[PDB]
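Participant: let me start by giving you these chains from the complex, positioned as in the assembled structure:
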Amino acid sequence: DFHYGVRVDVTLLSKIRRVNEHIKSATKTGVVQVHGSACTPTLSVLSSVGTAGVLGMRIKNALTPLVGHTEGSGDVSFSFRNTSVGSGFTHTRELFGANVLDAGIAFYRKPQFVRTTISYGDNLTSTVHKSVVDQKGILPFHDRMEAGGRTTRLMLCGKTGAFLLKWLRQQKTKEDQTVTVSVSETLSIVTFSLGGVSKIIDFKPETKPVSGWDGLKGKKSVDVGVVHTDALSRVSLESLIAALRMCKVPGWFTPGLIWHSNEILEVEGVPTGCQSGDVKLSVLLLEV
């Protein structure tokens, strides 16, 4: 019984290639998800990053459900590994394939199964992979966190961002360490500290009420942020380097840091163009 299927809009995914291509090695061992409302599901790829971080790429309006499904007009959630055990088939590799024509993901029962179908350039070649949907334990959670309000956020310019990333790298040993990242309202200053060294970065606090990254970026000369209370976080160094790397997509995203109401420090790709409307990218860094 083929209870639910979807048609992947490959033209849209092509436009998005560079983002996927950027995080490909982090996501090979990841998990693919088809979730949200049955009418407009979201395509998300998630995977751990370093010892304490979760990456999430999420794509809207890229899936069209196929008529005749017993799921009604409510929510849907299917979570499977994109590189099935022992296979050479990687869902995201194929979905974003340059030489792709048609593509569809279909879910069926009667065990829970997934059937991905790929059709290539010559309207002749095709691959049909088929695996088990056994990653129910993972829920979409990236778009489910109280932002706006007055949340402590920070946005670095290109210069400062690269300098931070170079500094972070040259501190690493073979064994992972934990970086303490703190924000001081009294001094509009962000500090990164580990080993027996610290990197200090001051910014310009934004007075005016602001929700999101708009009206905060991008000055590209100075570092800006919003801070209503001090924040302290202890995150994995590996996870942090990775996150600042994954969220700097040449011509697509620039890193932005958010200290959530939780204990979670979120590194997010902040859009430098209009092209990335249907895509959201980030890594959640866990407290250590």
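Facilitator: Right, received. Where do you want to start? Numbers count the residues shown, from 1 in each chain, chains lettered A, B, ... in the order given.

Participant: give the residue farthest from the middle of chain A.
Facilitator: In chain A, the greatest distance from the average C-alpha position (CA atoms, centre = their mean) is reached by residue A:124, at 34.1 Å.

Participant: list the contacts of that residue.
Facilitator: Going by CB atoms under 8 Å, 6 or more residues apart in numbering, residue A:124 touches no other residue. All C-beta spots, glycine's among them, are computed from the backbone N, C-alpha and C.

Participant: from residue A:101, how far out is it?
Facilitator: 10 Å (CB to CB, to the nearest Å).

Participant: quick check: neighbours shared by the two?
Facilitator: Joint contacts of residue A:124 and residue A:101 (CB under 8 Å, 6+ apart) do not exist.

Participant: circling back to that earlier point, roughly how far does the residue farthest from the centre of chain A sit from residue A:130?
Facilitator: 21 Å.

Participant: what helix or strand is residue A:25 located in?
Facilitator: helix A:10-27 (DSSP states H and E).

Participant: may I have that helix as CSV, with CA atoms only?
Facilitator: C-alpha atoms of helix A:10-27 as CSV (Å, rounded to 0.1, in the frame of the first residue of the first chain):
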residue,chain,number,x,y,z
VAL,A,10,14.5,19.4,-9.4
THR,A,11,14.8,22.8,-11.2
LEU,A,12,14.5,24.5,-7.8
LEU,A,13,17.1,22.2,-6.2
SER,A,14,19.5,23.0,-9.1
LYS,A,15,19.3,26.7,-8.2
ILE,A,16,20.2,25.7,-4.7
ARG,A,17,23.2,23.3,-5.6
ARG,A,18,26.0,25.3,-4.2
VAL,A,19,24.5,25.1,-0.6
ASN,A,20,24.2,21.4,-0.8
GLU,A,21,27.5,21.0,-2.4
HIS,A,22,29.1,23.0,0.5
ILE,A,23,27.8,20.7,3.3
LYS,A,24,27.9,17.4,1.3
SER,A,25,30.6,15.6,3.4
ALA,A,26,28.9,16.6,6.7
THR,A,27,25.5,15.3,5.4
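
Participant: and the helix or strand that that helix is followed by, which strands flank it?
Facilitator: Tracing the chain C-terminally past helix A:10-27 and defining elements by DSSP H and E, one meets strand A:31-37 next. Strands that pair with strand A:31-37, judged by DSSP bridges, come out as strand A:42-48 (antiparallel), strand A:75-81 (antiparallel).

Participant: one more chain, chain B:
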Amino acid sequence: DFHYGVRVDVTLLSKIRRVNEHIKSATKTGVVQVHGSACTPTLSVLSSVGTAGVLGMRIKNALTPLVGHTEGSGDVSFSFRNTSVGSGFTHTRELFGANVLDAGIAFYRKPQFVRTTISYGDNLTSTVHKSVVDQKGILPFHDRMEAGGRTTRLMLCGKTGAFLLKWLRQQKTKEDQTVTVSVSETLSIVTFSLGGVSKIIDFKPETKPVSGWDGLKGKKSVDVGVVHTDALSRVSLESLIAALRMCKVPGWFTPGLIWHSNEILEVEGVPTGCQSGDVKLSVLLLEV
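Facilitator: Just below you will find chain B, in place on the chains above:
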């Protein structure tokens, strides 16, 4: 119309893994073939090596035809690219997969098509690739050359073989050169010459009549060969290095050189054990 199909004996291929794993990068861009008699087809993989060399791995008794086919009891020949254009599917990668359970290649018409089916560990996952058989221009030719007779052959011991290969490598420039390889009966000596340098290797000529490599190998101390007439060959250096590398499979094959009645210098994996009965490996080096 499914005119002809075959079941791949995966247990046998497992035993053979190391050989396939050795040449994998040379064969990714290669061609897969199902040829020979309909009852006992051969599985062969061919691919160019360097600027003037053709590699061929050939596996007997690894295919069982499936009942009900219009091909009668005569020959069969299907030749397709193992990495279909724009795909992530590589036939040999999957056929030799460690986590494989069942595997079958089926040919159909009604254009000429191939459908490879792979079934993995969990009797749950599977991949079905489907492409065009459009490499008719390539014929199996490796097992079709007048050997025995009295053919000029040479067999090097491990010591000499590695020394030759190290010497050959350290002569290469970025642009490919052509090595002249000659055999002197008068002096039981093989010479490798290019640039303005030569490497000389003498051997012990075998008096007694011999067909094949048995009764010629493996002394593993001195270099042996059979020579009835002098031989001269001009081959690609890239193709030669590759060939001496591909035919030295740790615990499986050791290189052997044959100067064919043609102009073709064949580098062949000569069996060091019993395990490699159903497998033949070699590279034909073309005259330049």
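
Participant: take the contacts of residue A:124 again, chain B included.
Facilitator: B:111, B:113, B:131, B:132 (CB atoms under 8 Å, 6 or more residues apart in numbering or on different chains).

Participant: need the buried ones from the residues you listed selected in PyMOL.
Facilitator: Selection of buried members from the contacts of residue A:124 for PyMOL, criterion 16 or more other CB atoms under 10 Å in any protein chain shown:
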select buried, chain B and resi 113+131+132
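
Participant: farthest pair within the contacts of residue A:124?
Facilitator: B:111 and B:131 (10.8 Å; CB to CB).

Participant: beta partners of residue A:201?
Facilitator: residue A:190.

Participant: what sits against it?
Facilitator: A:156, A:160, A:164, A:189, A:190, A:191, A:192, A:223.

Participant: Throw these into JSON lines and include neighbour count, thanks.
Facilitator: As requested, the contacts of residue A:201 are exported to JSON lines (neighbours: other CB atoms under 10 Å in any protein chain shown):
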{"residue": "A:156", "neighbour count": "27"}
{"residue": "A:160", "neighbour count": "17"}
{"residue": "A:164", "neighbour count": "20"}
{"residue": "A:189", "neighbour count": "15"}
{"residue": "A:190", "neighbour count": "24"}
{"residue": "A:191", "neighbour count": "17"}
{"residue": "A:192", "neighbour count": "20"}
{"residue": "A:223", "neighbour count": "19"}
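
Participant: re earlier: other SSEs contacting the helix holding residue A:25?
Facilitator: Applying 3 or more CB pairs under 8 Å, 6 or more residues apart in numbering or on different chains; DSSP states H and E, we find helix A:10-27 packed against strand A:42-48, strand A:53-59, helix A:91-95, strand A:100-108, helix A:237-246, strand A:279-285.

Participant: quick one, which of those is nearest to residue B:282?
Facilitator: Of the helices and strands packed on helix A:10-27, the one closest to residue B:282 (CB to CB) turns out to be helix A:91-95, at 33.7 Å.

Participant: give the other helices and strands that that closest one contacts.
Facilitator: helix A:10-27, strand A:100-108, strand A:113-120, strand A:126-132.

Participant: would you turn these into TSV with distance to residue B:262?
Facilitator: Listed next are the helices and strands packed on helix A:91-95 as TSV, based on distance: least, CB to CB, whole Å:
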stretch	distance to residue B:262
helix A:10-27	46
strand A:100-108	44
strand A:113-120	39
strand A:126-132	40
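
Participant: residue A:284 is nearest to which of these?
Facilitator: Among those, helix A:10-27 sits nearest to residue A:284 (CB to CB), with 13.5 Å.
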